[PDB]
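Everything on this sheet refers to the single structure shown next.
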Number of protein chains: 2
Amino acid sequence: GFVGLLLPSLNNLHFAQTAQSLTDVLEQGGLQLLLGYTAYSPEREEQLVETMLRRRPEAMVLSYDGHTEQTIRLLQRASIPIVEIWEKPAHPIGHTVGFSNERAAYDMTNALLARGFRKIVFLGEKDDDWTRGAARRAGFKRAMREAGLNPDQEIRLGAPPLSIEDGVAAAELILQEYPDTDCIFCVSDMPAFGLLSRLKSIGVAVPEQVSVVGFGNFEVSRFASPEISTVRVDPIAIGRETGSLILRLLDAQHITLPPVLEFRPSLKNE
Amino acid sequence: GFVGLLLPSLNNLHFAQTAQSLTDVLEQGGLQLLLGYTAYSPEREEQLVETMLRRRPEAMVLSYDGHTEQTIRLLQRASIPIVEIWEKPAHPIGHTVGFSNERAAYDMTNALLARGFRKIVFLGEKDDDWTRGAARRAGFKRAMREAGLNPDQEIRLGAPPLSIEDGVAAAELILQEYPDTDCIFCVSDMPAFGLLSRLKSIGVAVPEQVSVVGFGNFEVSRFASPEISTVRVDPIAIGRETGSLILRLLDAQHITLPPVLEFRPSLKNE
């Protein structure tokens with residue numbers, strides 16, 4: 001029959017590649033994917049879960065960005081494999097395939113501190129409770145706190161998922177709040193690209209005055225000028241591991257795909 | 001009940017916005033949206049149509065890029081509203097919501113000719129029979145043919161959908177085959193952005209040496225430097241009109257949302 005997949009975005013390279021590889025693997029066990037689009041609404045996620053569960057999916061896969069209490073209960077009670085992907089939640093319902101978003105941002109922030117950056121500012125989302133962006137902010141804050149530096153050194157705007165346009169809006173805001181910033185670490189590559197576009201427009205040198213770092217290795221990071229330093233992930237592997245896990249189970253596991261820090265010319269001295 | 005939506009991409013702003021507005025309208029009417037991901041494959045589309053129809057959706061919405069004969073038969077024999085979106089097919093099964101891709105590309109090409117560009121090259125896909133990209137090529141060719149110009153001024157690579165990375169690879173193919181080109185009209189903004197990135201890398205001035213024009217008003221077109229001239233579409237309206245049509249039918253129509261040409265600094269004199 002089918003496996004359900006819930007996603008918060010239909011405009012995301014990672015989820016597209018995850019779905020493609022997951023599709024390919026499941027086709028080998030005779031299964032199709034049925035998708036639900038939540039648009040970041042935990043309430044809509046709940047409604048979609050209830051609807052799908054009624055149709056008796058063989059497994060459920062959810063891209064993690066927080067759940068309602070009732071969603072957790074419905075999934076726990078379903079007696080089928082549950083897989084949460086793209087994050088290691090504090091309290092996994094069943095299996096997970098992904099990595100710690102908190103740890104990834106902590107590691108990147110530490111790499112930037114090690115490279116001698118003196119005034120790093122995090123750019124993230126408003127109204128992002130329980131999402132992957134909130135975990136990234138948390139990892140940044142932990143790194144700054146451990147370094148004796150200022151964890152409040154951050155700007156929040158928009159909503160999940162921060163856009164290129166939001167990055168454009170953030171440029172002046174960051175420079176207003178932290179004029180001496182030498183590095184901006186963004187919640188993903190999308191606002192990083194917008195930030196880069198606006199800094200170039202206003203004549204701020206990147207990276208000579210301000211360095212720019214994103215997250216995700218989305219396409220824009222590789223084709224921007226300069227190319228944007230980022231945290232590289234493996235969406236094909238996430239889809240394949242998730243598919244393989246499901247087929248094994250139907251013939252709790254926590255499977256880690258370690259991110260890679262990708263330093264490119266948008267970071268000074270790289 | 002639910003409505004089924006089949007889409008070829010999970011990395012596409014248009015389809016994301018369509019799904020979001022379609023979701024909003026349907027939810028207000030008590031219906032949910034469930035998705036099938038085709039990955040531009042007519043064979044996967046057929047397999048998804050066959051299983052989804054058996055789950056008894058209230059209506060089926062198909063993002064149009066051509067169908068197998070079997071898919072057509074399955075949809076013809078259904079006694080539920082069928083809506084093909086994002087293109088006006090030559091032979092619609094039921095209802096449509098979208099616009100003529102052929103006419104849109106013909107219109108843009110004519111606008112370029114009116115602006116004095118002569119050596120326009122279309123950048124498009126291989127293995128794209130029956131898809132929206134093929135329609136765009138046809139519109140470009142008709143414009144060139146009617147103007148008494150050479151319609152065989154084009155480069156084909158990759159597969160639907162042409163990517164940013166494909167645009168990068170196209171730069172050298174185009175300049176090798178057509179060294180005198182003054183304007184490249186790409187099948188969408190995505191290869192246009194890649195093309196722009198590569199031309200900037202190698203030192204070809206846009207628009208002074210070569211102008212670049214895309215299709216779809218994707219986010220990169222608005223924040224690239226220079227901003228990318230494009231064909232602006234209305235995905236919110238497409239999703240809204242599709243949802244509203246379905247609810248009216250449940251209580252043939254051809255709903256037309258004419259695109260708008262957007263001229264930006266990637267076009268000489270704009």
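We name chains A, B, ... by the order of the sequence lines, and we start the count at 1 in each one. As a basis for the values below, the full set of heavy atoms in this structure was taken, side chains included, without hydrogen atoms, waters or symmetry mates.
Applying the side chain to side chain contact (heavy atoms under 4.5 Å, CB included) test to B:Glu87 and every residue at least two apart in sequence or in another chain returns B:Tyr64, B:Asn101, B:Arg132, B:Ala135. Residues passing the side chain to side chain donor-acceptor pair (under 3.5 Å) test with A:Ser163, sequence neighbours excluded: A:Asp166. Every side chain to side chain contact (heavy atoms under 4.5 Å, CB included) that A:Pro160 has, sequence neighbours left out, goes to A:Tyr40, A:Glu125, A:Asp128, A:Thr131. For B:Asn110, the side chain to side chain donor-acceptor pair (under 3.5 Å) test picks out no residue, with sequence neighbours left out. For B:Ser201, the side chain to side chain donor-acceptor pair (under 3.5 Å) test picks out no residue, with sequence neighbours left out. Contacts of A:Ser225 classified as side chain to side chain donor-acceptor pair (under 3.5 Å), with partners at least two apart in sequence or in another chain: A:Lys200. Partners of A:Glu219 by salt bridge (charged side-chain N to carboxylate O under 4.0 Å, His left out), not counting sequence neighbours: none found. Under the side chain to side chain contact (heavy atoms under 4.5 Å, CB included) criterion, B:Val260 pairs with B:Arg232, B:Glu262, not counting sequence neighbours. A:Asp127 is linked by a side chain to side chain contact (heavy atoms under 4.5 Å, CB included) to nothing, counting only residues two or more places apart in sequence or in another chain.
The side-chain tip of B:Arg137 does not point at the ring of B:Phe122 from less than 6.0 angstrom away and within 45° of straight on.
Minimum interatomic distance between B:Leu195 and B:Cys186 (heavy atoms only, all atoms of both residues): CD2-SG, 3.8 Å. The two atoms that bring A:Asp65 and A:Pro8 nearest to each other are OD2-CG, 3.6 Å, heavy atoms only. B:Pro151 and B:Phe140 make their closest contact through O-CE2, 3.8 Å (heavy atoms, listed as atom of the first residue, atom of the second, distance).
For A:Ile236, the CD1 atom counts as loosely surrounded, since its 6.0 Å shell holds 12 or fewer non-hydrogen atoms of other residues, nucleotides or ligands.
A donor-acceptor pair under 3.5 Å is formed between the side chain of B:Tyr178 and the backbone N or O of B:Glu154. In this structure a side-chain-to-backbone donor-acceptor pair under 3.5 Å is missing from A:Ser63 to A:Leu7. Looking at B:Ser266, its side chain does come within 3.5 Å of a backbone N or O of B:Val212 through a donor-acceptor pair. The backbone N or O of B:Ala16 sits nowhere less than 3.5 Å from a side-chain atom of A:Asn11 that would complete a donor-acceptor pair. For the pair B:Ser211 (side chain) and B:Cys183 (backbone), a donor-acceptor distance under 3.5 Å is absent. Looking only at distances, no side-chain donor or acceptor of B:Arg264 sits under 3.5 Å from a matching main-chain atom of B:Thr230. Panel note: side chain A:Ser41, backbone A:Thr38; no donor-acceptor pair is recorded below 3.5 Å. For the pair B:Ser197 (side chain) and A:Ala224 (backbone), a donor-acceptor distance under 3.5 Å is absent.
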Full working for side chain to side chain contact (heavy atoms under 4.5 Å, CB included) between A:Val220 and A:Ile228: CA-CA 8 Å; A:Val220 288; A:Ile228 298 169; 5.5 Å; no

Side chain to side chain contact (heavy atoms under 4.5 Å, CB included) assessment of B:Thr18 paired with B:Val61: CA-CA 11 Å; B:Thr18 299; B:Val61 181; over 6 Å; no

Decide side chain to side chain contact (heavy atoms under 4.5 Å, CB included) for B:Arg136 and B:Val231; before the verdict, give the C-alpha distance in whole Å, the side-chain angles of both, and the deciding distance to 0.1 Å. CA-CA 11 Å; B:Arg136 298 172 191 178; B:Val231 175; over 6 Å; no

Which is it for B:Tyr37 and A:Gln20 under the side-chain hydrogen bond (donor to acceptor under 3.5 Å, both in side chains) test, yes or no, and what are the steps along the way? CA-CA 8 Å; B:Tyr37 171 47; A:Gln20 174 58 305; 5.1 Å; no

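Ring orientation note: the planes of B:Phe185 and B:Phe215 are close to parallel, at an angle under 30° on the 30°/60° scale. Ring geometry, B:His14 versus B:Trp86: the interplanar angle falls under 30°, so the pair is classed parallel (tilted spans 30 to 60°).
In this structure, B:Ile93 CD1 and B:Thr71 OG1 are separated by 8.0 Å, a value rounded to the nearest 0.5 Å.
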Indicate every side-chain donor-acceptor pair of residues 113-121 of chain B with a distance under 3.5 Å to a residue at least two apart or in another chain.
residue: B:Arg115; atom: NE; partner: B:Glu270; partner atom: OE2; Å: 2.9
residue: B:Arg115; atom: NH1; partner: B:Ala111; partner atom: O; Å: 3.1

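In this structure, the side chains of B:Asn217 and B:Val233 stay at 4.5 Å or more apart for every pair of heavy atoms.
For residues 234-243 of chain B, there are no side-chain hydrogen bond (donor to acceptor under 3.5 Å, both in side chains) pairs, not counting sequence neighbours. The salt bridge (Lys or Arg N to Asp or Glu O under 4.0 Å) contacts involving residues 32-45 of chain A comprise A:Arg44-B:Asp24, A:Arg44-B:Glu27, where partners must be two or more places apart or lie in separate chains.
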